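Chains as they are written, first to last, in the entry's author numbering: chain F, 348 to 398; chain H, 31 to 83; chain B, 1 to 107; chain L, 242 to 293; chain U, 1 to 35, 35A to 35B, 36 to 52, 52A, 53 to 82, 82A to 82C, 83 to 100, 100A to 100C, 101 to 113; chain G, 454 to 505; chain D, 512 to 547, 569 to 664; chain S, 512 to 547, 569 to 664; chain C, 589 to 664.
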Amino acid sequence: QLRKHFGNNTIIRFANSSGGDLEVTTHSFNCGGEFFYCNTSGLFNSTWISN
Amino acid sequence: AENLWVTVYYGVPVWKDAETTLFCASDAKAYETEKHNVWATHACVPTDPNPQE
Amino acid sequence: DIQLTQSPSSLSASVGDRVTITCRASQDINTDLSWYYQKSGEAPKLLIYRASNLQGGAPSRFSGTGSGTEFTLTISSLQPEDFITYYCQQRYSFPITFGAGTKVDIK
Amino acid sequence: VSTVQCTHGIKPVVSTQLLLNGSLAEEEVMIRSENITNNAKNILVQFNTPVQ
Amino acid sequence: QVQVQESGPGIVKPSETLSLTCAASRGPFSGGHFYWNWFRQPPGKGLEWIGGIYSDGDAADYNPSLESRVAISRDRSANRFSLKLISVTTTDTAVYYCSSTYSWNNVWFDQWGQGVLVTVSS
Amino acid sequence: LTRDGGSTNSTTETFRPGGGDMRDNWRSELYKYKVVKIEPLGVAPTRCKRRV
Amino acid sequence: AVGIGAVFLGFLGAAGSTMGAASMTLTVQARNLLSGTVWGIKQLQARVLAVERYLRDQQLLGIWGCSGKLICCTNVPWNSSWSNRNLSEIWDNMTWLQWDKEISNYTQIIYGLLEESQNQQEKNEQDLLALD
Amino acid sequence: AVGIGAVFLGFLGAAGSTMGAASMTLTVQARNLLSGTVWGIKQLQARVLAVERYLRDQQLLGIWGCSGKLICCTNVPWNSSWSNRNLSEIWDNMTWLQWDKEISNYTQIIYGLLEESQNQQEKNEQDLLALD
Amino acid sequence: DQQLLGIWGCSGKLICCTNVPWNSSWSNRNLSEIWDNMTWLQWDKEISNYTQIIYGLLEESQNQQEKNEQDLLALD
Ligand SMILES: *[C@@H]1O[C@H](CO)[C@@H](O[C@@H]2O[C@H](CO)[C@@H](O[C@@H]3O[C@H](CO)[C@@H](O)[C@H](O)[C@@H]3O)[C@H](O)[C@H]2NC(C)=O)[C@H](O)[C@H]1NC(C)=O
Ligand SMILES: *[C@@H]1O[C@H](CO)[C@@H](O[C@@H]2O[C@H](CO)[C@@H](O[C@@H]3O[C@H](CO)[C@@H](O)[C@H](O)[C@@H]3O)[C@H](O)[C@H]2NC(C)=O)[C@H](O)[C@H]1NC(C)=O
Ligand SMILES: *[C@@H]1O[C@H](CO)[C@@H](O[C@@H]2O[C@H](CO)[C@@H](O[C@@H]3O[C@H](CO)[C@@H](O)[C@H](O)[C@@H]3O)[C@H](O)[C@H]2NC(C)=O)[C@H](O)[C@H]1NC(C)=O
Ligand SMILES: *[C@@H]1O[C@H](CO)[C@@H](O[C@@H]2O[C@H](CO)[C@@H](O[C@@H]3O[C@H](CO)[C@@H](O)[C@H](O)[C@@H]3O)[C@H](O)[C@H]2NC(C)=O)[C@H](O)[C@H]1NC(C)=O
Ligand SMILES: *[C@@H]1O[C@H](CO)[C@@H](O[C@@H]2O[C@H](CO)[C@@H](O[C@@H]3O[C@H](CO)[C@@H](O)[C@H](O)[C@@H]3O)[C@H](O)[C@H]2NC(C)=O)[C@H](O)[C@H]1NC(C)=O
Ligand SMILES: *[C@@H]1O[C@H](CO)[C@@H](O)[C@H](O)[C@H]1NC(C)=O
Ligand SMILES: *[C@@H]1O[C@H](CO)[C@@H](O)[C@H](O)[C@H]1NC(C)=O
Ligand SMILES: *[C@@H]1O[C@H](CO)[C@@H](O)[C@H](O)[C@H]1NC(C)=O
Ligand SMILES: *[C@@H]1O[C@H](CO)[C@@H](O)[C@H](O)[C@H]1NC(C)=O
Ligand SMILES: *[C@@H]1O[C@H](CO)[C@@H](O)[C@H](O)[C@H]1NC(C)=O
Ligand SMILES: *[C@@H]1O[C@H](CO)[C@@H](O)[C@H](O)[C@H]1NC(C)=O
Ligand SMILES: *[C@@H]1O[C@H](CO)[C@@H](O)[C@H](O)[C@H]1NC(C)=O
Ligand SMILES: *[C@@H]1O[C@H](CO)[C@@H](O)[C@H](O)[C@H]1NC(C)=O
Ligand SMILES: *[C@@H]1O[C@H](CO)[C@@H](O)[C@H](O)[C@H]1NC(C)=O
């Protein structure tokens, strides 16, 4: 879907968060009245080439 | 002609004296920054120019 | 199914006469009843609703009355157009029934 | 267009880098942005079906 | 104020399936319920009610006799409604009508359109 | 998502997670609602004289 | 330009003339009634007071059967028991405040007569219209 | 009974037709203007603002003298300078919003002329009934 | 309630007649008994079912009347 704006002859890549404080560098949420901070580095680590 | 009947008017200019609550008004110039001061809080409505007498 | 009987099945009178038609229900239906008038080559149009609410645009010569298991329509003066088909029917719980119908003829 | 007197239910939540228990689109995965050409502003992406 | 028209085949062979359709309008009113009804009348006899359906639902209601041989559908995009009849027969040769009845406060309007003929023959 | 800065035309792009402003989380939901106010008065031309 | 100025007609300032001239200039006053943490609460009280004051007068004018006008006549006959003098002096040399302090005592009865007069008028008119 | 539903005639949904149809549904809209510890003050202020707006509208209608009715004619002639067009097109082609956008510029002068004509009329009637 | 009275075109008056006929369905009775014996409270209790039906009739009657007379004064 995203390819429609940047031309078909392009290479897409994903990388983890650049850096900063612990609040923004990791995915924070709540479960059962308890707070978790999780490290999502294993999710945005890939590349995609044309065709 | 001599006999006559009552009549009613509205908006006649007559007044008396009493007391009531006043309110404030401050120049907009003070509203320009100067957020720290005991008085001159922002709640006052900005004033208007060219007062008439 | 509630059975409705019309009377007379057929009638013939002259123009300007006063006539009356009757419709008997098989049981008590209160007053949720209405009569529709129709002529050849045209789809039906309602004549009277509830037997007590005159439909707008209708001539006043038509009058409707009744209750229980008996309802009546009286025409004070016949007109050439009044010789048309009529159908009493009940707007009650399901199913929905309609009368046999009566035809007025010139004599 | 249509008019209504009261919106539908809303469930406030808190999260970062991800959205949980939100509404989902019906046609296809959709992308929204203000001035997508510029790199300054963020980009929102809405999925078609949830993932567990 | 609503006009209504009918659309369907002219002659259908016995035992085949007959499909009819009718359109509708909403008139000056804004929101409400229009209990659309399908009626029939064979030549030379009294009229008979086929079936009904609300304009904001899909629980089509049928007469007890012809429950098994009638299907009714509605389309909101086309604002139309259609009927399917199976096991057609010479008795179904008749004039059919689609009608609506308003629900204004104690008036009980009704329109009936024009209808259409249907003939069954071989 | 947020797009990383680039240079010239490298025929490639990269994206990273972002976030941090709670306002975006609310904005993801309320994007099909508008609020308006009414105005009753109006004027027009007509063929009529004031009654006298 | 160089000598042309501005001369408007302002708020209540005609209260130094005879009893009669002032009545020529009344409308202007009528168009100046509904003009529109502790440091801001009193504004609400002021607004409520103003709207209540206006509504009271509206209702009182409504009851007497003269609503929608500025000069209205009636049927109650004047009585010399309340006051003296003749039309000439009254309308030639006097001020509104002087009249106010003159007629201060006999006000409630003068108010009261009007509504019963209006009620009789309405009741008679109702039968006059209903007889046919 | 069974079969009959329920039909309304509601809100602004009738705002996509010509001039003629929409005017049949004015009343309902006119009826929907007065329906009905840090947060209570906010809603109270909103209610006061709404009441003030309604009273302002009522007074502005009262001044012109057309009060107490939904439609009212007046004696001001229509200058062709604003928008010539012609009656049939104006009443059978355009919607309300387009007309409003079309006549946004010359709004105040019409109010001025209306006020002036009303004032001259009441003054003339007033001295006229002074003669009688 | 001031606005509601205003809509029915009887503003500024304590009495006002109108054109809507009185259907015998609601309560037949007859003039003598109603205007002689019945009191206000019992009457209100006894006609407490058919108010909303009544209001619309007055509203539409006024609207149609005003629309009709507008044309007559227009052709003048
Ligand atoms: C996002 O991914 C980047 C790229 O992989 C991560 O940076 C990497 O962080 C690791 C862990 O600190 C670094 O490893 C280090 O390497 C040397 C070994 O001599 C030494 O500095 C430390 O002992 C450590 O092992 C790695 O070099 C570094 N890579 C780059 C290119 O800088 C980053 O941490 C990730 N961010 C998050 C929030 O997970
Ligand atoms: C989120 O988890 C990832 C790993 O899933 C972390 O990034 C990785 O961190 C390790 C050190 O913890 C980096 O060094 C590696 O360590 C081991 C043992 O030495 C081995 O995998 C390699 O030899 C290497 O030295 C690793 O490079 C790094 N990988 C990447 C892709 O960044 C990441 O730091 C975690 N995030 C936070 C915020 O801690
Ligand atoms: C992000 O994606 C990259 C690219 O796929 C991942 O790098 C891959 O990491 C694995 C695990 O270390 C490497 O496997 C290693 O390969 C050789 C033997 O073939 C040897 O070094 C080790 O025994 C191990 O098996 C893999 O080669 C490597 N791929 C590339 C292209 O470098 C990376 O781990 C991913 N990171 C995360 C957090 O998912
Ligand atoms: C949305 O983002 C795009 C870029 O992704 C913006 O386009 C560029 O905006 C700048 C700043 O307004 C324009 O100003 C100047 O133009 C020339 C030629 O590049 C030069 O003096 C400067 O480098 C500077 O960019 C520029 O013309 C315009 N176009 C390009 C190709 O850079 C755009 O303005 C942003 N916003 C909107 C509302 O479009
Ligand atoms: C929304 O727009 C549509 C499309 O313009 C409007 O439909 C139009 O409705 C009028 C009024 O019923 C139709 O006029 C009728 O047909 C002809 C017109 O020459 C004539 O016999 C009659 O004078 C009669 O008024 C008009 O044909 C129809 N437009 C079509 C079919 O294209 C609609 O009324 C508008 N408003 C809504 C839906 O509220
Ligand atoms: C990518 O391919 C699609 C195929 O439908 C085409 O429509 C589109 O123009 C292409 N875009 C490019 C080459 O940027
Ligand atoms: C003030 O009094 C004098 C003397 O009676 C009178 O002529 C004048 O009109 C009054 N009003 C003024 C000066 O405004
Ligand atoms: C009014 O009465 C006074 C006192 O008797 C008298 O001087 C004056 O001329 C009278 N004016 C009239 C009748 O106009
Ligand atoms: C009103 O009556 C008081 C005595 O109750 C008297 O002193 C006063 O003069 C009277 N005022 C008038 C204007 O008659
Ligand atoms: C109409 O307006 C134009 C433009 O202001 C003006 O010149 C013209 O005199 C006006 N006509 C009338 C009759 O007021
Ligand atoms: C209005 O004017 C246009 C343009 O001259 C003309 O075509 C149309 O017939 C006119 N309509 C009338 C006078 O109703
Ligand atoms: C109103 O004036 C503006 C400029 O202030 C002009 O652009 C616009 O066209 C005018 N509109 C009309 C309807 O005359
Ligand atoms: C009103 O009707 C009742 C019941 O029929 C009857 O007793 C009474 O005499 C009637 N009163 C009249 C006609 O004044
Ligand atoms: C009014 O309706 C209620 C049911 O809602 C019924 O019990 C009662 O008898 C009705 N009253 C009259 C006077 O018809």
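Using N, Cα and C, we set each Cβ at its ideal position, and we do this for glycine too.
Original post:
Got a sec: which bits of the region 625-639 of chain C sit with their beta carbon under 9 Å from any beta carbon on chain D, in order along the chain?
Top reply: none
Original post:
Do we get a CB-CB distance below 8 Å when we pair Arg504(G) with the residues of chain C?
Top reply: yes
Original post:
Closer than 8 Å, CB to CB, is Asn76(U) near chain B or not?
Top reply: no
Original post:
Among residues of its own chain, excluding the 5 on either side of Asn543(S), which ones have a beta-carbon nearer than 6 Å to its beta-carbon?
Top reply: none
**OP:** Taking 8 Å as the cut-off, decide whether the C-beta atoms of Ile603(D) and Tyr61(H) are in contact.
**Re:** no
**OP:** Could you tell me the distance, in whole angstroms, from the CA atom of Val286(L) to the CA atom of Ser481(G)?
**Re:** 9 Å
Original post:
Beta-carbon separation of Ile622(D) and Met530(D) under 8 Å?
Top reply: yes
Subject >> Contact shell at 6 Å, judged by CB to any heavy atom of ligand 13, ordered along the chain >> reply: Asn618(C), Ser620(C), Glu621(C)
Subject >> Residues bridged to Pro609(D) [DSSP beta-bridge criterion] >> reply: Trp35(H)
Subject >> Chain-ordered residues of the region 595-626 of chain C with a beta carbon less than 9 Å from chain D >> reply: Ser599, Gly600, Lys601, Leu602, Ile603, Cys605
Original post:
Between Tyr35(U) and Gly527(S), which are expected to be in contact by the criterion C-beta below 8 Å, what is the C-beta distance as a whole number of angstroms?
Top reply: Not quite, the Cβ-Cβ distance comes to about 26 Å (not below 8 Å), so this is no contact.
**OP:** Tell whether a beta-carbon distance below 8 Å holds between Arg617(S) and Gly547(D).
**Re:** no
Original post:
How far does the beta strand (DSSP E) with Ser7(B) in it reach, from first residue to last?
Top reply: 4-7
Original post:
Three or more beta-carbon pairs under 8 Å between the region 580-595 of chain D and the region 635-646 of chain S, yes or no?
Top reply: no
Original post:
In chain order, what residues of the same chain have a beta carbon less than 8 Å from the beta carbon of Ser397(F), not counting five sequence neighbours either side?
Top reply: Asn355, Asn356, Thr357, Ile358
Original post:
CB of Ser528(D) to nearest heavy atom of ligand 7: below 7 Å?
Top reply: yes
Original post:
So does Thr278(L) have its beta carbon nearer than 7 Å to some heavy atom of ligand 4?
Top reply: yes
Original post:
Mind pulling the chain U residues with CB within less than 9 Å of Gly101(B)?
Top reply: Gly44
Subject >> Span of the alpha helix (DSSP H), counted from its first residue to its last, around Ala662(D) >> reply: 640-662
Subject >> Secondary structure of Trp47(U), DSSP reduced to three states >> reply: strand
Original post:
Under 7 Å from any heavy atom of ligand 12, does the C-beta of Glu634(S) make it?
Top reply: yes
Subject >> Interface residues of chain L facing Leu349(F) [CB-CB closer than 7 Å] >> reply: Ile272
**OP:** Evaluate the contact criterion for the region 646-662 of chain C versus the region 604-612 of chain C: three or more CB pairs, one atom per stretch, below 8 Å.
**Re:** yes
**OP:** Identify the continuous beta strand (DSSP E) that holds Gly531(S) and give its terminal residues.
**Re:** Element bounds for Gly531(S): not the beta strand (DSSP E) but the alpha helix (DSSP H), 530-533.
**OP:** Could you please give the first and the last residue of the uninterrupted beta strand (DSSP E) stretch that includes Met626(C)?
**Re:** Here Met626(C) belongs to no beta strand (DSSP E), and DSSP marks it neither H nor E.
**OP:** Can you tell me which of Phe53(H), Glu49(H), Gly41(H), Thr37(H) puts its alpha carbon nearest to the alpha carbon of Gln575(D)?
**Re:** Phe53(H)
**OP:** Please confirm whether any heavy atom of ligand 14 lies closer than 7 Å to the CB of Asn637(C).
**Re:** yes
Original post:
Going along the chain, which residues of the region 653-664 of chain D sit with their C-beta nearer than 7 Å to a C-beta in chain C?
Top reply: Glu654, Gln658
**OP:** Using a cut-off of 8 Å between C-beta atoms, extract the partners of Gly547(D) located in chain S.
**Re:** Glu584, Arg588
Original post:
Between the beta-carbon of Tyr86(B) and the beta-carbon of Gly64(B), is there less than 8 Å?
Top reply: no
Original post:
Roughly how many whole angstroms lie between the Cα atoms of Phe83(B) and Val104(B)?
Top reply: 5 Å
Subject >> Spatially closest choice to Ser615(S) from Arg456(G), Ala497(G), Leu483(G), by CA coordinates >> reply: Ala497(G)
Original post:
Does DSSP classify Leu537(S) as helix, strand or coil?
Top reply: helix
Original post:
Whose C-alpha, out of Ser67(B), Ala13(B), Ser7(B), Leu78(B), is nearest the C-alpha of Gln90(B)?
Top reply: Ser67(B)
**OP:** In the DSSP assignment, find the unbroken alpha helix (DSSP H) run with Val580(S) in it and report its ends.
**Re:** 571-595
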